[PDB]
Every structure is written in C-alpha cells, then in structure tokens.
K.L.:
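Have a look at this one.
Residue indices begin at 1 and follow the sequence shown. Because only heavy atoms are used, hydrogens play no part in the values below, and waters and symmetry mates are left out as well, while side chains stay in.
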Amino acid sequence: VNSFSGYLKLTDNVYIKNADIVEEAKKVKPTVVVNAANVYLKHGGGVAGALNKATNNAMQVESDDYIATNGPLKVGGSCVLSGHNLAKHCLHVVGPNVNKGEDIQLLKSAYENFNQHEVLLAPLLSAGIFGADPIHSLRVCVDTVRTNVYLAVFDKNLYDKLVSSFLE
Ligand SMILES: Nc1ncnc2c1ncn2[C@@H]1O[C@H](COP(=O)(O)O)[C@@H](O)[C@H]1O
C-alpha cells in the first residue's frame, strides 16, 4: 500500500528515516523493497541478511534458484524477484564493494535501477559492509534517482550525520 510515514523529505523525490528496513517493510507493505545484494545473491550480512532472515530464508532459496539458471549479476546491475512477506517485489541491486576494490563509479549504475520503479523502500547502497562513504552514496542517490525513494537508515549516529551533511 506504500503507506510511508515519519520520513524527512530531502528533495522532491528522496525521503529518509531512521528505521530498520525490515520493520519499515512490515509496516509499509511496499510494492518494492531494495536489497543491497552481491553478484551471486548470497544474503549473509548487512541489509541482505536482515531481509532474508525476515523471510525465514525464502529469499535465499528463491535467489539460489535464480542463480542456478541465470548465473551471477554484474556490479551495477539488478534483478526483480519476489518480495515474499516484506513487499510485492524485491529489487536486488549490486553496488560496488569498495572494500574489495570494486569501482565506486558503478554506484551511479546501481542507483539507475531505481528509476525502473515508481516508488521504492531502499537502503543506502554500497554503504556499510560494502565500504563506500555513506554521504557520497546519498549524493549519488539524490543526483541519479528520479522516482520516489524512501531510504531507511538503522544506525541513529549515521542517520544524524547524513541529514546534517545533506542540509549544509
Ligand atoms: N536493517 C537495516 N535497516 C536499515 N539500514 C540498515 C540496516 N542494516 C544496515 N543498514 C544500513 O544500510 C546501508 C547498507 O548496508 P550494507 O547492507 O552493510 O551494505 C548502510 O548505510 C547500513 O548502515
């Protein structure tokens, strides 16, 4: 039903909230939740682990079936699969892992995938275990995404830093 509440409006199409993306998905029942995926859709840690656990591993079983027949994604690419109990659809998006030396320039390609969907619940791509600067990821989101994006950031200190930096 896409009933988003409690978000700051950063721009005409980008919103942010200090919240667990899993709890937001259960409250909002969005058309699309974004997963911060890797190319073989191994949902072990960070956002991907939280989402998969909240589906009681249904996301991992579906992802394994997709990989078996289609092979891995490319960095910057995406894949629509079922959203299980969290959303109608899950958009699995692969941002660059800069900790593994992947090219940060592909973060724009990663966010471009959002433009195929009118409204998304999403995390900050490539932040967290992927090692990108969270402020940079928010700027690439704001500069690249034209559709309505509701960002959920769990950590209060990171959220307050992001909002402070954006509002300079
Ligand atoms: N459950 C969660 N809900 C919301 N944001 C999260 C959650 N877990 C991690 N994050 C943030 O989401 C972004 C992507 O994290 P990661 O999945 O580690 O690449 C980073 O800004 C993390 O701080």
Side-chain angles (χ1 to χ4, degrees), residues 4 7-25 30 32-54 59-60 63 67 72-81 83 86-87 89-117 119-168:
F4 298 95
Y7 286 74
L8 301 186
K9 180 175 182 171
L10 300 185
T11 74
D12 279 347
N13 70 287
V14 180
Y15 300 80
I16 197 168
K17 189 176 180 182
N18 183 202
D20 175 357
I21 195 172
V22 169
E23 289 307 304
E24 280 300 293
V32 178
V33 66
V34 174
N35 185 24
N38 50 59
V39 294
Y40 280 93
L41 301 181
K42 303 310 197 192
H43 310 306
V47 165
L51 288 176
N52 177 57
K53 182 179 177 181
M59 178 182 286
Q60 188 65 71
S63 295
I67 291 293
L73 296 178
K74 288 157 72 177
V75 175
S78 70
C79 188
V80 174
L81 293 174
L86 294 180
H89 307 300
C90 177
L91 184 68
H92 297 270
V93 176
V94 184
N97 190 321
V98 307
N99 282 332
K100 295 193 186 177
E102 293 182 345
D103 181 3
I104 192 51
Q105 293 179 283
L106 293 171
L107 187 53
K108 176 178 170 55
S109 175
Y111 275 113
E112 285 268 13
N113 294 291
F114 288 25
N115 284 329
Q116 304 175 35
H117 300 273
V119 57
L120 314 90
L121 172 65
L124 275 177
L125 299 176
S126 287
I129 65 179
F130 288 67
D133 188 319
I135 296 177
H136 175 66
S137 179
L138 178 58
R139 290 176 190 145
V140 176
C141 183
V142 162
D143 290 346
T144 305
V145 182
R146 294 184 318 266
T147 57
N148 293 316
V149 52
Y150 293 81
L151 299 160
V153 178
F154 185 35
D155 184 86
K156 181 177 190 294
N157 286 330
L158 171 55
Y159 166 88
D160 287 337
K161 169 191 314 149
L162 283 167
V163 166
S164 186
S165 168
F166 186 75
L167 289 178
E168 295 169 3

K.L.:
Does anything in residues 158-168 pair up under salt bridge (charged side-chain N to carboxylate O under 4.0 Å, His left out), and if so which pairs, sequence neighbours excluded?
P.N.:
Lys156-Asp160
K.L.:
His117 and side chain to side chain contact (heavy atoms under 4.5 Å, CB included): which single residue from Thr147, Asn148, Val80 fits?
P.N.:
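Passing option: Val80.
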K.L.:
Considering only residues two or more places apart or on different chains, which pairs with a residue in residues 121-144 satisfy salt bridge (charged side-chain N to carboxylate O under 4.0 Å, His left out)?
P.N.:
none
K.L.:
Among all residues two or more places apart in sequence or in another chain, which pass the salt bridge (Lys or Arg N to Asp or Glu O under 4.0 Å) test with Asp103?
P.N.:
none
K.L.:
My understanding is that only residues two or more places apart in sequence, or in another chain, count here; which of them pass salt bridge (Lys or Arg N to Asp or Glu O under 4.0 Å) with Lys108?
P.N.:
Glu112
K.L.:
Return the set of residues passing side chain to side chain donor-acceptor pair (under 3.5 Å) with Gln116 (not counting sequence neighbours), or none when no residue passes.
P.N.:
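Partners of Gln116 by the side chain to side chain donor-acceptor pair (under 3.5 Å) criterion come out as none, since no residue qualifies.
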K.L.:
Evaluate the side-chain proximity of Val119 to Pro30: yes if any heavy-atom separation is below 4.5 Å, no if none is.
P.N.:
no
K.L.:
Compare all side-chain heavy atoms of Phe166 with those of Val142 and state whether any distance is below 4.5 angstrom.
P.N.:
yes
K.L.:
Kindly state each residue pair satisfying ring pair (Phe, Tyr, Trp, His ring centres under 6.0 Å) with at least one member in residues 119-149, sequence neighbours excluded.
P.N.:
none
K.L.:
Under 4.5 Å between any side-chain heavy atoms of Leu107 and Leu125, yes or no?
P.N.:
yes
K.L.:
Who passes ring-ring contact (aromatic ring centres under 6.0 Å, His included) against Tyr7, sequence neighbours left out?
P.N.:
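For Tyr7, the residues satisfying ring-ring contact (aromatic ring centres under 6.0 Å, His included) (neighbours in sequence not counted) are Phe4, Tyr150.
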K.L.:
Among pairs that include at least one residue of residues 32-45, which meet side chain to side chain donor-acceptor pair (under 3.5 Å), considering only residues two or more places apart or in two chains?
P.N.:
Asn35-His43, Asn35-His92, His43-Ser63
K.L.:
Looking at side-chain heavy atoms only, is the closest gap between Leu162 and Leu124 below 4.5 Å?
P.N.:
yes
K.L.:
Who pairs with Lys74 by salt bridge (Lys or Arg N to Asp or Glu O under 4.0 Å), at least two apart in sequence or on another chain?
P.N.:
none
K.L.:
Do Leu120 and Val33 have side chains that get closer than 4.5 Å, going by heavy atoms?
P.N.:
no
K.L.:
Using side chain to side chain contact (heavy atoms under 4.5 Å, CB included) as the criterion, list what pairs up with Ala50, not counting sequence neighbours.
P.N.:
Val22
K.L.:
Would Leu121 and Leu86 satisfy side chain to side chain contact (heavy atoms under 4.5 Å, CB included), going step by step from the backbone distance to the final call?
P.N.:
CA-CA 10 Å; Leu121 172 65; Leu86 294 180; over 6 Å; no
K.L.:
Tell me, please, which residues at least two apart from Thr144 pass side chain to side chain donor-acceptor pair (under 3.5 Å).
P.N.:
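Partners of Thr144 by the side chain to side chain donor-acceptor pair (under 3.5 Å) criterion come out as none, since no residue qualifies.
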K.L.:
Does any N or O in the side chain of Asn113 come within less than 3.5 Å of the main-chain N or O of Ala110, such that one atom is a donor and the other an acceptor?
P.N.:
yes
K.L.:
Has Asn97 got a side-chain atom pairing as donor or acceptor with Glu102's backbone, closer than 3.5 angstrom?
P.N.:
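Checking the backbone N and O of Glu102 against the side chain of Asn97, no donor-acceptor pair under 3.5 Å is found.
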K.L.:
Could you give the distance from CG (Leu51) to CD (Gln60), rounded to the nearest 0.5 Å?
P.N.:
11.5 Å
K.L.:
Sequence neighbours left out, what passes side chain to side chain contact (heavy atoms under 4.5 Å, CB included) with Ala122? Give chain and number order.
P.N.:
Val34, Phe114, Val149, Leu151
K.L.:
Give the minimum heavy-atom separation between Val93 and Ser78, together with the two atoms involved.
P.N.:
CG2-CB, 3.9 Å
